[PDB]
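The structure's right below; bear with me while I get my questions together.
Lettering of chains follows the sequences in order, A, B, ..., and the numbering in each one begins at 1.
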2 protein chains.
Amino acid sequence: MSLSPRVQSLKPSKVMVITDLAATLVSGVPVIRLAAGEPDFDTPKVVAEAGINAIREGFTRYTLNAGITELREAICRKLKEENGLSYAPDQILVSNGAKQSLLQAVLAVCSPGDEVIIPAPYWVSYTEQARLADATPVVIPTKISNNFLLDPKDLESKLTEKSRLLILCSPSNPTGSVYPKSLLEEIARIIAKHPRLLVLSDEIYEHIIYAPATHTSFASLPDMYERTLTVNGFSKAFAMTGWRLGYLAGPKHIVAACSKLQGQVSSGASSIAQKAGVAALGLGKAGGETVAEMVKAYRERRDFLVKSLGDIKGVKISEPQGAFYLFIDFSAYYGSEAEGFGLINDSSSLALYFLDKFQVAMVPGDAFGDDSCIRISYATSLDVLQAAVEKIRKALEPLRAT
Amino acid sequence: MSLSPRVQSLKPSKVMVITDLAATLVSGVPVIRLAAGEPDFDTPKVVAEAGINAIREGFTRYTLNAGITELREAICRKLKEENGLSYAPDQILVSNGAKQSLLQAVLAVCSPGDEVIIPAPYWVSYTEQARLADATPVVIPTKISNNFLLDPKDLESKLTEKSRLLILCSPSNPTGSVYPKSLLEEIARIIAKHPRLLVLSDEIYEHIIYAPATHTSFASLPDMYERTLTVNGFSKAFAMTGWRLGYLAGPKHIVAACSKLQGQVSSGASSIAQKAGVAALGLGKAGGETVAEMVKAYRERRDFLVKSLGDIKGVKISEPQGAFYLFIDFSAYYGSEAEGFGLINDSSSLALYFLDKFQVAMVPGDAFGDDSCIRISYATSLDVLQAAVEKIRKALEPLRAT
Ligand SMILES: O=C(O)CCC(=O)C(=O)O
Ligand SMILES: O=C(O)CCC(=O)C(=O)O
């Protein structure tokens with residue numbers, strides 16, 4: 001009955017657990033679902049059509065494991081036009097989603113004992129992927145008064161000789177924060193003084209961004225091109241959740257080793273999805289009006305929640321600059337009791353209270369390494385969001401702040 | 001410039017290397033391509049249509065990571081109807097292809113130092129996937145006079161306390177051999193006396209089988225259900241190479257741990273591919289007439305090559321019982337010299353000679369752990385095969401046997 005130590009010490013993704021729990025409950029139990037971050041739009045018409053055309057034209061046989069040339073060349077043009085980055089097509093590795101991209105990158109560059117520096121709140125997979133490579137997660141807490149942005153001084157103090165990989169998610173999952181160029185530059189100068197330290201730049205939410213914030217690719221900073229693994233994809237910006245199409249861009253020697261690894265553990269992205277990705281990149285800079293319409297809806301949802309929830313006593317919010325998540329501080333309510341439920345002690349019991357007693361499904365902050373908050377996804381309709389706020393207010397009424 | 005020890009010691013899949021080499025050469029250089037094993041048929045009409053319908057009906061948003069219920073239930077019915085196996089839907093884990101299925105299975109059950117028993121000739125990824133889990137490959141050579149089938153006595157001798165996983169590929173890649181029930185039973189009784197030993201049963205080529213041979217699922221043998229991880233898929237039988245749809249069936253506790261792992265490192269199979277898989281399973285027992293037509297073509301190609309190549313001096317062949325590979329013994333020609341090329345010393349130089357001087361691309365046996373042979377894929381037309389044989393004859397003419 002035994003299992004490997006790597007897998008048995010692995011922690012289930014609470015994002016997926018709660019999501020599937022809410023789905024299954026939706027039996028015949030109506031639950032407001034704000035856990036997993038999945039765009040509530042159809043794949044854009046021309047993208048879907050390219051996928052259909054791929055099938056109809058029999059584009060279902062062997063394709064290059066690393067990705068078809070047509071897609072990798074289109075990805076190089078995107079990186080240059082949108083991010084100012086110069087890559088050759090063999091510096092691109094196309095995978096089945098960004099989760100696989102990140103894993104292969106970590107396995108490729110992290111030796112046993114190496115330290116992976118992960119700012120909190122973090123996306124749930126960063127720590128677990130680190131452990132899978134026999135690497136040691138080095139978590140750096142951030143503060144809500146600082147938009148959950150990394151403080152350079154904290155970075156420096158935690159650097160050792162074993163420091164190998166720094167993970168930079170911008171715009172962030174779960175906080176929605178966007179690293180300004182100013183801060184990236186300071187981090188860069190720190191990185192530059194540590195020959196062994198590489199940077200993983202997770203830019204999947206790049207186009208989900210709200211003015212005046214701007215996205216700055218870390219590979220674009222002075223001396224950082226040689227240090228940076230750029231991870232990006234299609235699912236969030238183009239509503240291609242079921243397609244699964246991610247990619248990695250980076251230094252030749254690293255990308256070549258990830259491609260070798262992928263060749264032994266994966267078949268690569270589907271040929272059908274890759275054709276769809278080509279058409280998605282064909283929509284123009286930043287996905288054009290297609291993606292702009294979607295961003296405009298996200299922005300309207302953001303503003304509704306931020307004003308609605310921020311008014312509430314003992315609720316603290318950082319107005320997000322991108323993505324589609326709110327990382328809300330309800331910690332003031334910890335220590336109080338809700339009749340019929342019990343004590344609200346932390347983010348997990350609070351979320352469980354929201355779910356059991358008010359049928360709203362959110363994800364507790366402890367899954368992202370910050371127990372002071374709970375994450376809401378607002379890739380859902382405005383009416384759902386209105387109903388969710390009404391329930392959150394009612395839920396917090398019998399509780400006590402601080 | 002450094003990389004992890006796991007990845008730098010990883011060996012590139014020569015199957016993919018030669019395949020991409022031949023493709024790229026096909027510039028404007030005509031090469032007979034018989035390396036990678038990819039069906040030369042369109043995805044069946046109703047399967048392709050289900051994929052198109054999935055896209056058109058907007059089935060592109062969140063799906064359960066482990067696989068949609070509809071597909072996992074259909075997979076359970078297949079396993080019962082075709083293989084005599086009883087699984088619950090939560091004993092099925094749907095992945096992006098069988099390569100990922102196998103990796104997660106290995107990472108889940110193999111602790112560092114555990115030994116993975118791999119009969120040779122083997123599929124190229126088994127040893128490398130073992131190393132990725134910090135496990136130790138234990139290769140057992142087989143003999144061509146014995147249809148490259150495992151000898152129980154050799155299995156017993158190599159068993160230690162560190163023995164954790166035995167990998168059984170039937171019908172085999174690369175040899176095309178099919179394990180009879182008789183032999184599986186003897187192996188089973190050996191397995192049964194070693195509490196820690198599990199079995200990975202790779203049955204992806206199950207329906208590509210030529211009478212009188214029959215496929216016997218290892219999980220069906222006495223006391224083996226609790227010991228067996230069954231890996232299967234869609235790409236080979238249903239010509240779904242670009243779809244990427246594999247699955248694992250096994251004991252609940254193991255499958256649950258693989259599902260947890262998959263949740264942190266992958267997004268799972270595309271939603272579009274999963275709908276296509278449902279329709280594929282809907283074709284009936286063994287894929288019905290659809291798959292039967294394809295098997296009939298493979299069988300005709302097998303018979304042509306086996307008679308054509310077997311006549312040639314110093315060429316030894318085992319008539320395959322399934323899959324679509326020939327593992328041909330040219331070793332008699334080793335030690336001879338070909339003017340304009342040089343010495344033919346082993347399977348790699350021989351293959352290189354075929355490729356450079358006669359534009360036929362095959363894969364040397366050393367990639368499968370047996371340097372005495374070279375592998376040919378006959379998932380190509382009869383005319384290509386006829387041309388390949390004509391070139392192989394001409395190539396061997398100036399060489400010397402034994
Ligand atoms: O699974 C993904 O890749 C995106 C969805 C996600 O992880 C999240 O909701 O944070
Ligand atoms: O890559 C696959 O999964 C099947 C093709 C293959 O590996 C082979 O030709 O042996």
Side-chain angles (χ1 to χ4, degrees), chain A residues 1-4 7, chain B residues 66 72 75-95 98-111 114-119 122-123 126 129-130 133 135 138 140 149-150 152 155-156 159 163-173 177-206 214-233 246-259 261-262:
Chain A
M1 291 286 297
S2 80
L3 296 171
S4 73
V7 178
Chain B
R72 285 184 290 111
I75 286 171
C76 286
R77 295 193 301 276
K78 169 264 187 295
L79 292 172
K80 190 55 172 71
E81 177 183 62
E82 293 177 1
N83 303 122
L85 305 180
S86 294
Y87 292 108
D90 75 339
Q91 287 177 277
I92 309 308
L93 176 58
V94 174
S95 301
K99 194 133 57 181
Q100 191 201 339
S101 288
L102 295 167
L103 175 72
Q104 299 172 158
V106 173
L107 292 164
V109 305
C110 294
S111 301
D114 283 350
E115 294 169 354
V116 180
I117 308 186
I118 306 170
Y122 48 74
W123 181 51
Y126 292 148
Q129 280 182 3
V138 176
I140 304 188
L149 298 180
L150 185 57
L155 174 58
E156 280 191 301
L159 292 165
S163 302
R164 177 60 174 157
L165 190 60
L166 168 63
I167 293 171
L168 274 167
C169 190
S170 202
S172 172
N173 185 345
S177 300
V178 167
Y179 278 81
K181 180 165 160 299
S182 290
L183 181 58
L184 293 175
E185 284 176 345
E186 213 171 328
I187 295 179
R189 297 182 225 110
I190 293 171
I191 305 312
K193 318 200 68 192
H194 293 83
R196 223 166 75 86
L197 183 53
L198 300 169
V199 171
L200 191 59
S201 188
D202 191 345
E203 306 177 14
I204 181 62
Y205 292 93
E206 152 187 33
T214 51
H215 177 81
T216 298
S217 294
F218 192 84
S220 71
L221 301 173
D223 298 323
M224 291 302 113
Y225 176 95
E226 43 185 303
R227 298 203 175 226
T228 307
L229 308 178
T230 308
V231 169
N232 209 320
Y247 57 88
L248 167 73
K252 284 171 284 253
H253 71 281
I254 301 179
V255 168
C258 297
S259 304
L261 173 65
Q262 175 164 303

*Hey, could you give me the NZ/OG1 distance between B:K181 and B:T216, rounded to the nearest 0.5 Å?*
7.0 Å
*Using a 4.5 Å cut-off on heavy atoms from C-beta on, say whether the side chain of B:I254 contacts that of A:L3.*
yes
_For a 4.5 angstrom cut-off between non-hydrogen side-chain atoms, does B:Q129 reach B:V116?_
no
_With rounding to the nearest 0.5 angstrom, report the CG to OG distance, B:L198 to B:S163._
11.5 Å
*Enter the distance from B:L221:CG to B:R227:CZ here, rounded to the nearest 0.5 Å.*
12.5 Å
*asked:* Return the CD1 to CD1 distance between B:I117 and B:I140, rounded to the nearest 0.5 Å.
replied: 5.5 Å
*Stepwise side-chain contact (heavy atoms from CB on, under 4.5 Å) check, B:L79 with B:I92*: CA-CA 10 Å; B:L79 292 172; B:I92 309 308; 3.9 Å; yes
*Can a salt bridge be assigned to the pair B:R77 and B:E81 using a cut-off of 4.0 Å between side-chain N and carboxylate O?*
no
*asked:* Could you report the tightest heavy-atom contact between B:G250 and B:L229, atom names first, then the distance?
replied: CA-CD2, 4.4 Å
*Check whether any side-chain heavy atom of B:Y126 lies under 4.5 Å from a side-chain heavy atom of B:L102, and answer yes or no.*
yes
*Taking all non-hydrogen atoms of both residues, which atom of B:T228 and which atom of B:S201 are closest, and how far apart?*
CG2-CB, 3.8 Å
*asked:* Any heavy-atom pair between the side chains of B:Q262 and B:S95 that's under 4.5 Å?
replied: yes
*Kindly determine whether B:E203 and B:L168 satisfy side-chain contact (heavy atoms from CB on, under 4.5 Å), including the steps that lead there.*
CA-CA 8 Å; B:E203 306 177 14; B:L168 274 167; over 6 Å; no
*To the nearest 0.5 angstrom, please state how far the OG atom of B:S259 sits from the CD atom of B:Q91.*
10.5 Å
*Check the pair B:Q104 / B:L93 against side-chain contact (heavy atoms from CB on, under 4.5 Å), numbers first and verdict last.*
CA-CA 10 Å; B:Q104 299 172 158; B:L93 176 58; 3.9 Å; yes
*Quick one: does B:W123's side chain get under 4.5 Å of B:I204's, heavy atoms only?*
no
_Please find the pair of heavy atoms, one from A:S4 and one from B:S111, that lie closest to each other, and give the distance._
CA-OG, 3.6 Å
*Identify the heavy atoms of B:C258 and B:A105 that sit nearest to each other, and give their distance.*
SG-CA, 3.9 Å
_Suppose we screen for side-chain hydrogen bond (donor to acceptor under 3.5 Å, both in side chains). Which residues come up paired with B:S170, at least two apart in sequence or across chains?_
none
*Hey, does B:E186 have a side-chain heavy atom less than 4.5 Å from the side chain of B:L155?*
no
*Quick one: are B:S172 and B:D202 in side-chain contact, heavy atoms under 4.5 Å?*
no
*Identify the heavy atoms of B:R164 and B:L197 that sit nearest to each other, and give their distance.*
C-CD1, 3.6 Å
*Validation row: B:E115, B:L159 side chains within 4.5 angstrom (heavy atoms)*: no
_Residue list, side-chain contact (heavy atoms from CB on, under 4.5 Å) with B:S177, at least two apart or on another chain_ = B:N147, B:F148, B:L149, B:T175, B:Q321
*Check the pair B:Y87 / B:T230 against side-chain contact (heavy atoms from CB on, under 4.5 Å), numbers first and verdict last.*
CA-CA 11 Å; B:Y87 292 108; B:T230 308; 3.4 Å; yes
*Kindly say whether B:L150 contributes a backbone atom to a donor-acceptor pair with the side chain of B:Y179 at under 3.5 angstrom?*
yes
*asked:* Can you tell me how far apart CD (B:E156) and CD1 (B:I187) are? Round to the nearest 0.5 Å.
replied: 11.0 Å
